[PDB]
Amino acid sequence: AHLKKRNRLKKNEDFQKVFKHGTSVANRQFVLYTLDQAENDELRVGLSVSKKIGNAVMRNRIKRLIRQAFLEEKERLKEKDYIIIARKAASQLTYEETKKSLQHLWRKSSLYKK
């Protein structure tokens, strides 16, 4: 299906809080930010995509691939606030490549239950 509204990070303040007071990891295609939520009975994902990737269709495409990867792995992951930044290198990735890159970041950040 699609990643639910519950599982998406919206408010501008919510993003800023993650960047400022939260833990960070990065690889070649992605930067992953994690912020612990006491009150999160559920996982939330927010996305930032560089203007460097210049096709709105492409930015949308990568964004969708990231959401799907999160949706698939959701049960496995701890309930927290995530922000994913997509680098220019992330631009041509397939879903399996995107999933693999994120999975590597998730493992590195110890975000896997249980």
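When you see a residue number, it is the position in the sequence shown, counting from 1.
The stretch 17-25 shows the higher mean C-alpha B-factor when 17-25 is compared against 93-101 in the entry. Remark: stretch with higher mean C-alpha B factor among 37-45 and 72-80 is 37-45. Sort the chain's modelled residues by C-alpha temperature factor and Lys4 lands in the middle third, per the entry.
Split the chain's modelled residues into thirds by C-alpha temperature factor. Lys88 is in the middle one.
In this PDB entry, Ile53 carries a Cα temperature factor that places it within the highest third of its chain's modelled residues.
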